[PDB]
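J.: Okay, handing you the structure first.
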Amino acid sequence: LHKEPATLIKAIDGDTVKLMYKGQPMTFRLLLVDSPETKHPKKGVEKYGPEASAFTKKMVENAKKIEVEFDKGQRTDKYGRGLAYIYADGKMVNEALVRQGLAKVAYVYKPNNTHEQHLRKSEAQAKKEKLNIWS
């Protein structure tokens, strides 16, 4: 797997960010994580949704460098969003959310599952620490 440079355009949700990638504006969905949502009427503004959302936004907004890391599987989902691990100054946003109990680890579709074990490890610690979601 390799990291590629990208530029923040806009944070949209806890698990969704708009980036400039290879000169094109593109919406990325964060791989392997399920964040409470501020969007979708088939929920709405769920609990911790605004919290997960502010965490992703500060994290990408305050970074000097953002990088995208595609996994081994498909790189787009059916809605046209890129499927990636997103890094803010070397720190994986996907892992940070889960470590803070602000996301669960998603149902996982091989072969897009390289960092699966790492995140499950962070998710067990957040639950052990009874953080946010896990409170």
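Scheme for the structure tokens: letters A, B, ... for chains in order shown; per-chain residue numbers from 1; ligand numbers from 1 in order shown.
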Please report, as an MDAnalysis selection string, each residue of chain A to which DSSP assigns helix (DSSP H, G or I) when run on this structure's backbone.
T.: chainID A and resid 49:61 93:99 116:128 132:134
J.: Could you give me, as CSV, a per-residue list for region 61-128 of chain A showing, wherever an atom lies at most 8 Å from an atom of region 31-53 of chain A, the closest pair of atoms and their distance in Å to one decimal, using only C-alpha atoms and sorting by chain then residue number from low to high?
T.:
residue,atom,partner,partner_atom,distance
A:83,CA,A:31,CA,5.7
A:84,CA,A:31,CA,5.3
A:85,CA,A:31,CA,5.8
A:94,CA,A:33,CA,6.6
A:97,CA,A:52,CA,7.1
A:98,CA,A:33,CA,7.4
A:102,CA,A:52,CA,5.4
A:103,CA,A:35,CA,4.2
A:104,CA,A:34,CA,5.2
A:105,CA,A:33,CA,4.6
A:106,CA,A:32,CA,4.7
A:107,CA,A:32,CA,7.1
A:108,CA,A:32,CA,6.3
A:113,CA,A:32,CA,7.4
A:116,CA,A:32,CA,7.1
J.: Go ahead and save the residues from that selection, with N, CA, C and O atoms, as a PDB file, in the first residue's frame.
T.:
ATOM      1  N   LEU A  83     -12.616   5.001  -1.542  1.00  0.00           N
ATOM      2  CA  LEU A  83     -12.577   4.203  -0.312  1.00  0.00           C
ATOM      3  C   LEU A  83     -11.157   4.140   0.200  1.00  0.00           C
ATOM      4  O   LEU A  83     -10.352   3.420  -0.384  1.00  0.00           O
ATOM      5  N   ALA A  84     -10.840   4.887   1.263  1.00  0.00           N
ATOM      6  CA  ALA A  84      -9.424   4.984   1.612  1.00  0.00           C
ATOM      7  C   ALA A  84      -9.182   5.115   3.107  1.00  0.00           C
ATOM      8  O   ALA A  84     -10.083   5.381   3.885  1.00  0.00           O
ATOM      9  N   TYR A  85      -7.927   4.939   3.470  1.00  0.00           N
ATOM     10  CA  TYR A  85      -7.429   5.273   4.808  1.00  0.00           C
ATOM     11  C   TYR A  85      -6.909   6.703   4.719  1.00  0.00           C
ATOM     12  O   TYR A  85      -6.129   6.986   3.805  1.00  0.00           O
ATOM     13  N   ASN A  94      -8.858   7.346  10.379  1.00  0.00           N
ATOM     14  CA  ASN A  94      -9.781   6.231  10.636  1.00  0.00           C
ATOM     15  C   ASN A  94      -9.526   5.615  12.008  1.00  0.00           C
ATOM     16  O   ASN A  94     -10.466   5.300  12.745  1.00  0.00           O
ATOM     17  N   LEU A  97     -10.528   8.043  15.182  1.00  0.00           N
ATOM     18  CA  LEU A  97     -11.955   8.061  15.503  1.00  0.00           C
ATOM     19  C   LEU A  97     -12.373   6.874  16.357  1.00  0.00           C
ATOM     20  O   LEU A  97     -13.188   6.957  17.270  1.00  0.00           O
ATOM     21  N   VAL A  98     -11.806   5.728  15.976  1.00  0.00           N
ATOM     22  CA  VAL A  98     -12.173   4.477  16.634  1.00  0.00           C
ATOM     23  C   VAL A  98     -11.530   4.433  18.019  1.00  0.00           C
ATOM     24  O   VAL A  98     -12.099   4.016  19.033  1.00  0.00           O
ATOM     25  N   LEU A 102     -15.424   7.153  18.897  1.00  0.00           N
ATOM     26  CA  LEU A 102     -16.349   7.965  18.107  1.00  0.00           C
ATOM     27  C   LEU A 102     -16.730   7.297  16.791  1.00  0.00           C
ATOM     28  O   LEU A 102     -17.346   7.903  15.917  1.00  0.00           O
ATOM     29  N   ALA A 103     -16.366   6.038  16.673  1.00  0.00           N
ATOM     30  CA  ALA A 103     -16.767   5.204  15.544  1.00  0.00           C
ATOM     31  C   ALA A 103     -16.664   3.740  15.943  1.00  0.00           C
ATOM     32  O   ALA A 103     -15.868   3.440  16.838  1.00  0.00           O
ATOM     33  N   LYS A 104     -17.419   2.862  15.311  1.00  0.00           N
ATOM     34  CA  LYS A 104     -17.259   1.419  15.395  1.00  0.00           C
ATOM     35  C   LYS A 104     -16.470   0.931  14.177  1.00  0.00           C
ATOM     36  O   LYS A 104     -16.414   1.680  13.200  1.00  0.00           O
ATOM     37  N   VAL A 105     -15.884  -0.254  14.214  1.00  0.00           N
ATOM     38  CA  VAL A 105     -15.258  -0.844  13.032  1.00  0.00           C
ATOM     39  C   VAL A 105     -16.382  -1.452  12.175  1.00  0.00           C
ATOM     40  O   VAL A 105     -17.147  -2.244  12.729  1.00  0.00           O
ATOM     41  N   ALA A 106     -16.507  -1.088  10.921  1.00  0.00           N
ATOM     42  CA  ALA A 106     -17.461  -1.463   9.897  1.00  0.00           C
ATOM     43  C   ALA A 106     -17.524  -2.940   9.534  1.00  0.00           C
ATOM     44  O   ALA A 106     -16.536  -3.662   9.721  1.00  0.00           O
ATOM     45  N   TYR A 107     -18.652  -3.416   8.976  1.00  0.00           N
ATOM     46  CA  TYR A 107     -18.628  -4.791   8.436  1.00  0.00           C
ATOM     47  C   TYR A 107     -17.584  -4.782   7.316  1.00  0.00           C
ATOM     48  O   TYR A 107     -17.515  -3.896   6.466  1.00  0.00           O
ATOM     49  N   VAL A 108     -16.697  -5.767   7.339  1.00  0.00           N
ATOM     50  CA  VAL A 108     -15.483  -5.661   6.546  1.00  0.00           C
ATOM     51  C   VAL A 108     -15.527  -6.496   5.278  1.00  0.00           C
ATOM     52  O   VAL A 108     -15.815  -7.693   5.325  1.00  0.00           O
ATOM     53  N   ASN A 113      -9.230  -4.801   3.633  1.00  0.00           N
ATOM     54  CA  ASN A 113      -9.277  -5.061   5.067  1.00  0.00           C
ATOM     55  C   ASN A 113      -7.886  -5.106   5.681  1.00  0.00           C
ATOM     56  O   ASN A 113      -7.695  -5.643   6.772  1.00  0.00           O
ATOM     57  N   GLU A 116      -7.548  -3.897   9.265  1.00  0.00           N
ATOM     58  CA  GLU A 116      -8.650  -4.350  10.093  1.00  0.00           C
ATOM     59  C   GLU A 116      -8.240  -4.711  11.512  1.00  0.00           C
ATOM     60  O   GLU A 116      -8.888  -4.407  12.506  1.00  0.00           O
TER      61      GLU A 116
END
J.: Fewer than 4 positions away in the same chain doesn't count, so skip those; otherwise give me all residues within 8 Å of region 70-81 of chain A, counting only C-alpha atoms, as a list in words.
T.: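 In the requested format, the answer is residues 1, 2, 3, 26, 27, 28, 29, 85, 110, 111, 112, 113 and 114 of chain A.
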J.: Quick one: write out the picked residues with C-alpha atoms as a short mmCIF file (atom, residue, chain, number, x, y, z; two decimals), in the first residue's frame?
T.:
data_model
loop_
_atom_site.label_atom_id
_atom_site.label_comp_id
_atom_site.auth_asym_id
_atom_site.auth_seq_id
_atom_site.Cartn_x
_atom_site.Cartn_y
_atom_site.Cartn_z
CA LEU A 1 0.00 0.00 0.00
CA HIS A 2 1.22 3.53 -0.61
CA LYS A 3 0.28 7.02 0.50
CA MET A 26 -13.58 13.81 -4.95
CA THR A 27 -15.58 12.62 -1.95
CA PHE A 28 -13.83 10.00 0.18
CA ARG A 29 -15.57 7.55 2.56
CA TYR A 85 -7.43 5.27 4.81
CA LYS A 110 -12.14 -8.46 1.85
CA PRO A 111 -9.82 -7.73 0.34
CA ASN A 112 -10.30 -4.15 1.55
CA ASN A 113 -9.28 -5.06 5.07
CA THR A 114 -5.55 -4.51 5.45
#
J.: Compile the contact shell of residue 17 (chain A) as an MDAnalysis selection string: residues with an atom at most 9 Å away, counting only C-alpha atoms, same-chain residues fewer than 2 positions apart removed.
T.: chainID A and resid 8:15 19 26:30 56:57 60
J.: Rounded to one decimal in Å, what is the spacing between CA of residue 119 (chain A) and CA of residue 92 (chain A)?
T.: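 Atom-to-atom, CA of residue 119 (chain A) and CA of residue 92 (chain A) are spaced 10.2 Å apart.
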J.: Could you tell me how far CA of residue 5 (chain A) sits from CA of residue 89 (chain A), in Å to one decimal place?
T.: 10.9 Å
